[PDB]
Amino acid sequence: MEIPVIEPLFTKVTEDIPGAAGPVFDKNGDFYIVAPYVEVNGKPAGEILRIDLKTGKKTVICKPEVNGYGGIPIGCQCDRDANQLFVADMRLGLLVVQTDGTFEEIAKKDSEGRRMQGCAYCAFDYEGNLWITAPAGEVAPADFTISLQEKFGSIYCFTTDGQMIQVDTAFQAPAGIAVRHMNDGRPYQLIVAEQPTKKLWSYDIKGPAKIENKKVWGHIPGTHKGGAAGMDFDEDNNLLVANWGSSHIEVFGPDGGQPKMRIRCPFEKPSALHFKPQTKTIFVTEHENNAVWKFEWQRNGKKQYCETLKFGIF
């Protein structure tokens, strides 16, 4: 059996975004991305940008720095309790970013007193817990390292009661992260991409910062440089994964294994993907042209945590 391949129309949203990644929509419908590879004096100076969907014009929302050390923001999720962005930063860890450009560095150390690792991708479950991958070594002012060769990448859970808890470690550059929910809305599986090994790993979610039953969930095709990066679910719990270096987005079924479909990209290096709320439109960031694109998927995306109601009774 061959994996079926579709090639839908990709439309340019914006361009000239150094290391375009972390697409996200806020509670007002505003579109945001990150530009991690922006530099000042040969030093990290990554930016969080807002983009007008009609024109493609860019507004620099936040240029985060802690004690003179610039950030490398990679992955974003919007909160539901307030219109604020949770941003995983490779130099600064987890950040909470306001629309006025002010930001708060969440953790310099974890719950056990260990020094915080630089983060890349984050994902909310419906209970409010933020699951985060950390492929980098220690946060600034430590020297920047990434676990591309040796296994020191970690997984974190920022719980609802504000605890930064390391839930697993010994990953070789952990990348994209997503939560599989059951039909009733209960968090069921935590899917974690491991980039160079071309594998997706899964956990069973038992509760806040509680993961068990670690196993191989899916396989990423290709022997190219790179692998799985940004990823998210559609409404049927199909996982769509940006496969950096393959010119493809992989489509997995709810139970994983081998991809059931491949989406051909007009570029080599998709970095991340995010649905526009209540639509079939996926916004894809990529590193070949350092640009943002959009295409229509077969169905709506999975309801995002920022769309849900904190005081809703259903």
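Counting from 1, the numbers follow the sequence of the chain as shown. Hydrogens, waters and symmetry mates play no part in the numbers below; they use all other heavy atoms, side chains included.
The main-chain N or O of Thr169 is never found under 3.5 Å from a side-chain atom of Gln166 such that the two would form a donor-acceptor pair. The backbone N or O of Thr159 lies less than 3.5 Å from no partner atom in the side chain of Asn129, so there is not a single donor-acceptor pair. Of the possible polar contacts, one joining the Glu286 side chain to the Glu288 backbone as a donor-acceptor pair under 3.5 Å is found. Looking at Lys58, its side chain does come within 3.5 Å of a backbone N or O of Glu15 through a donor-acceptor pair. No donor-acceptor distance shorter than 3.5 angstrom exists from the side chain of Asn290 to the backbone of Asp16, with no hydrogens or angles considered. For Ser246 (side chain) and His248 (main-chain N/O), a donor-acceptor pair under 3.5 Å exists by modelled atom type. For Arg91 (side chain) and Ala142 (main-chain N/O), a donor-acceptor pair under 3.5 Å exists by modelled atom type. No donor-acceptor pair closer than 3.5 Å links the side chain of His224 to the backbone N or O of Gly222. Side-chain N or O atoms of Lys198 include none that pairs as donor or acceptor with a backbone N or O of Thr223 at under 3.5 Å. A donor-acceptor pair is defined here as one N or O able to donate and one able to accept, closer than 3.5 Å; no such pair exists between the side chain of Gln84 and the backbone of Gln98.
The side-chain heavy atoms of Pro221 and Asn243, taken from C-beta on, include a pair separated by under 4.5 Å. Under the 4.5 Å side-chain criterion, counting only non-hydrogen atoms from C-beta, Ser202 is not in contact with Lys214. Side-chain contact check for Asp110 versus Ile165: every heavy-atom pair is 4.5 Å or farther apart. The side-chain heavy atoms of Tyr188 and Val179, taken from C-beta on, include no pair separated by under 4.5 Å. Using a 4.5 Å heavy-atom cutoff, the side chains of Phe158 and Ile106 are in contact. When side chains are defined from C-beta on, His219 counts as touching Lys199, because their heavy atoms get closer than 4.5 Å. Contact annotation: the side chain of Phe25 never approaches that of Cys78 to less than 4.5 Å [non-hydrogen atoms, C-beta and beyond]. Counting only heavy atoms from C-beta outward, the side chains of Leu273 and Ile249 approach each other to under 4.5 Å.
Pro73 approaches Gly46 most closely through the heavy-atom pair CD-CA, 3.8 Å. Minimum heavy-atom separation, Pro174 to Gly153: CD-CA, 3.8 Å. Taking both residues in full, the closest heavy atoms of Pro64 and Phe103 are given as CA-CE2, 3.7 Å, listed atom of the first, atom of the second, then distance. A pairwise comparison of heavy atoms in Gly56 and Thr14 identifies O-OG1, 3.1 Å as the closest pair. When all heavy atoms of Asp79 and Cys306 are compared, the pair lying nearest together is O-CB, 3.5 Å. In plain terms, the two heavy atoms of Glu65 and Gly70 that are nearest each other are CB-CA, 4.0 Å.
A continuous path of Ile, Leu, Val, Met, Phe, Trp and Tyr side chains, each step under 4.5 Å between heavy atoms, connects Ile282 with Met261, placing both in one hydrophobic cluster. Note: the hydrophobic cluster containing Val216 also contains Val192 (ILVMFWY, side chain heavy atoms under 4.5 Å, direct or indirect links). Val251 and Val241 fall into different hydrophobic clusters, defined by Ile, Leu, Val, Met, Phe, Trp and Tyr side-chain heavy atoms under 4.5 Å apart, directly or through other members. By the criterion of side-chain heavy atoms lying less than 4.5 angstrom apart, applied directly or through intervening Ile, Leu, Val, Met, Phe, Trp or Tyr residues, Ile155 is not grouped with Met231; the two fall into different hydrophobic clusters. A continuous path of ILVMFWY side-chain contacts below 4.5 Å connects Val24 to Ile61, so both sit in one hydrophobic cluster.
Between the side chains of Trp217 and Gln189, at least one donor N or O lies within less than 3.5 Å of an accepting N or O. Between the side chains of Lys260 and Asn238, at least one donor N or O lies within less than 3.5 Å of an accepting N or O. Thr281 and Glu296 share a donor-acceptor pair across their side chains, judged by distance under 3.5 Å alone. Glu235 and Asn300 share no side-chain donor-acceptor pair at under 3.5 Å. There is no side-chain donor-acceptor pair under 3.5 Å between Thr197 and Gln172.
The environment of NZ in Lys276 is sparse: at most 12 heavy-atom neighbours from other residues, nucleotides or ligands sit within 6.0 Å. No more than 12 heavy atoms of other residues, nucleotides or ligands sit less than 6.0 Å from atom CD of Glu7. The local environment of CG in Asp81 is crowded, with over 12 non-hydrogen atoms from other residues, nucleotides or ligands closer than 6.0 Å. Counting heavy-atom neighbours within 6.0 Å of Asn213 CG, excluding the residue itself, gives a total above 12.
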- Please lay out, stage by stage, how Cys157 and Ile132 fare under the test side chain to side chain contact (heavy atoms under 4.5 Å, CB included). CA-CA 6 Å; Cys157 184; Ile132 318 151; over 6 Å; no
- Item | Residue pair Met164, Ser111: steps toward the side chain to side chain contact (heavy atoms under 4.5 Å, CB included) verdict | CA-CA 6 Å; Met164 183 63 79; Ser111 62; 5.9 Å; no
- Apply side chain to side chain donor-acceptor pair (under 3.5 Å) to the pair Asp168 and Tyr203, showing each step before the final yes or no. CA-CA 10 Å; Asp168 205 19; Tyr203 300 90; 2.5 Å; yes
- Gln304 vs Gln77, side chain to side chain donor-acceptor pair (under 3.5 Å): CA-CA, chis, key distance, verdict: CA-CA 9 Å; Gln304 296 159 25; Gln77 292 303 336; over 6 Å; no
- Task: Walk me through it: do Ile177 and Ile191 pass the test side chain to side chain contact (heavy atoms under 4.5 Å, CB included)?
- Result: CA-CA 6 Å; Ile177 189 159; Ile191 320 296; over 6 Å; no
- Message: What verdict does the side chain to side chain donor-acceptor pair (under 3.5 Å) test give for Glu268 and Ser247, after you've listed the backbone C-alpha separation in whole Å, the side-chain angles of each residue and the deciding distance to 0.1 Å?
- Response: CA-CA 4 Å; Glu268 284 183 357; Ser247 304; 5.3 Å; no
- Task: Give the C-alpha distance, both sets of side-chain angles, the deciding distance and a yes or no for salt bridge (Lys or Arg N to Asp or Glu O under 4.0 Å) between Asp204 and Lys215.
- Result: CA-CA 9 Å; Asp204 291 353; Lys215 66 169 179 192; 5.8 Å; no
- Task: Step by step, work out the side chain to side chain contact (heavy atoms under 4.5 Å, CB included) result for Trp297 and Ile6.
- Result: CA-CA 10 Å; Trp297 179 231; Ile6 56 152; 3.9 Å; yes
- Item | Criterion salt bridge (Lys or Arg N to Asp or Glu O under 4.0 Å) on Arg262 and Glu250, from CA distance to verdict | CA-CA 5 Å; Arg262 301 194 86 197; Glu250 318 298 342; 2.8 Å; yes
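Salt bridge present: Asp234 and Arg299 bring a charged side-chain N and a carboxylate O closer than 4.0 Å.
Ring centers of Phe283 and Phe275: at least 6.0 Å apart, outside the cut-off. Ring centers of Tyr126 and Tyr305: at least 6.0 Å apart, outside the cut-off. Outside the 6.0 Å centre-distance limit, the rings of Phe171 and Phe152 are not counted as a close aromatic pair. Here the two rings, on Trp293 and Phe267, have centers that are under 6.0 Å apart. Taking the six-membered ring for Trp, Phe233 and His181 have ring centres at least 6.0 Å apart.
Note on ring orientation: taking the six-membered ring where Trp is involved, the planes of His287 and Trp244 are perpendicular (angle over 60°, cut-offs 30° and 60°). By the 30° and 60° cut-offs, the orientation of the rings of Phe86 relative to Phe124 is perpendicular.
The side chain to side chain contact (heavy atoms under 4.5 Å, CB included) test with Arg50 is passed by exactly one of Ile33, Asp30, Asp26: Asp30.
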